[PDB]
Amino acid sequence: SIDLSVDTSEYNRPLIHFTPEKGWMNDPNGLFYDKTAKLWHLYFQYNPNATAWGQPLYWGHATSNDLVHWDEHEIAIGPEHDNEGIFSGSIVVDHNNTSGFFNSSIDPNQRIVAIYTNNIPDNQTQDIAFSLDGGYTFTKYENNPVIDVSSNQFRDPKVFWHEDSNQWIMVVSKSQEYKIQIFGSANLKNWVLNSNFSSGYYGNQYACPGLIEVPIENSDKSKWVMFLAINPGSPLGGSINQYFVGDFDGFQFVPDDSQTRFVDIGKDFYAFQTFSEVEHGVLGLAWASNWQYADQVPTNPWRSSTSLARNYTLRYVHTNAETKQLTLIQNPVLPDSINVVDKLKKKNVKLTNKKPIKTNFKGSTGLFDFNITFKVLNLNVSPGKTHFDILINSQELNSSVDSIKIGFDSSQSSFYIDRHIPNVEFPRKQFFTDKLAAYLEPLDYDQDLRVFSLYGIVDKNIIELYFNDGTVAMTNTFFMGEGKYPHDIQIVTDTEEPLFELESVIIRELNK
């Protein structure tokens, strides 16, 4: 329950990634859109008292109108005793007052209900609560709990309105049984078990499930996508998110196939949840850290940001050369309401060790982005050189420039990050992986030449990569030395002839 005189925001706090002002944030909760206030809501696992996870545990709260300018508000929910906690959960908007909390004086689009896990010593139940003031203060049902199965491991329900079966659906995790459980109710108070679902990578625990209809691109058609988070025992170490693509009738999810696929192959993307009430598309964000080392990272007086919100679709994409697969695609949310401080733009440039691309901006905000489409040429080079790299350098402090690398190796058809930074030591950095990669097929062939694309956005302590137009995404935090934060960006290579042609490049400085 510490805190104090040390503040790293100067070089550590992201600008456009939500962050609690002080304390501890994990799982994002109760994500919804308020159509009449035209307002986006975000709640979160919050321990105000400590720089680490502890009880009592609360739902934090903050709103946005644009999904990058967050305003923090007073806590939406707390537990009865210091002994307990309001765990993960969701929100729904009860338009037709099936729940009966709702007067005639309350806008249908403001009839908010939260379903959350109530965690007691030796007990975990599914409880609900309602807000009369547009989501800012809540009243416990009164006959809570609404679901109790005598379990110590039963938590994190996402709830939604299924037209087709005419009910409220609940995906909640029977955590250590590796079941996602599917309840139905016409009521939000009375619940009937419909089915259990076990699949994908098991890890140590199922958690924060999610089920939602995601639109196939360029088409009337859609599919039903089951999200699932697992910690610990991610094959990458710690925590991760995964999905399955199939069909829901309101009683059981049937995956089209039985493959395992991950939502984000970065290290720091856990407890993804989608927004309720989104008119057009599927939108979500996650908790942008890994349970292996989240509580030891060198930020103070808060810890943890969220990811950007992302737009989710399904696209037929090439996973090898012969076969395409229906595949979850995600792209970041950036409204024009974001200042461009300065930018470097370039067209049809050949990359060689004598033509680097050096950002030369006046000063820095630590919020950059980069948008690149490239062609891989026919030119044979020695194996050490079949790569180009983006270096994201800090300003020189103790006469030393902290940098992180993002490259692509044509011989490997795979992008890569190296987030190693020397002299920055914190507890559990044995699990803080420095090198990760993603294999991708060409976005396109221009003749015989291969074409790849990548958008990345750096934010003081977090970096998001989207490969080939959002075919794979890779979230990862990074910790530079005290006082240092991104200043400039380079795109370099060791080859003397051009191996890569950059069709388009746009490096941007950004702001609030």
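All residue numbers refer to positions in the sequence shown, first residue = 1.
A.B. asks: Between 115-123 and 262-270, point out the one with the higher average CA B-factor as the PDB entry records it.
C.D. replies: It is 115-123 that shows the higher mean C-alpha B-factor.
A.B. asks: On mean Cα temperature factor in this entry, is 197-205 or 92-100 the higher one?
C.D. replies: The recorded data point to 92-100.
A.B. asks: Looking at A288, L440, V192, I240, which has the highest CA B-factor as recorded?
C.D. replies: The listed residue with the largest C-alpha B-factor is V192.
A.B. asks: Maximum C-alpha temperature factor per the entry, among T306, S234, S399, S413, belongs to which one?
C.D. replies: In this record, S399 carries the highest C-alpha B-factor of the candidates.
A.B. asks: Where does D66 sit by CA temperature factor within its chain: lowest, middle or highest third?
C.D. replies: As the PDB entry reports it, the C-alpha B-factor of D66 lands in the middle third of its chain.
A.B. asks: How does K35 rank on Cα B-factor within its chain, lowest, middle or highest third?
C.D. replies: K35: CA B-factor falls in the highest third of its chain.
A.B. asks: If you rank every modelled residue in this chain by C-alpha B factor, which third holds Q447: lowest, middle or highest?
C.D. replies: Top third by C-alpha B-factor.
A.B. asks: Quick one: classify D409 as lowest, middle or highest third of the chain based on its Cα B-factor.
C.D. replies: Bottom third by C-alpha B-factor.
A.B. asks: Splitting the chain's C-alpha B-factors into thirds, which one does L367 fall into?
C.D. replies: For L367, the deposited C-alpha B-factor lands in the middle third.
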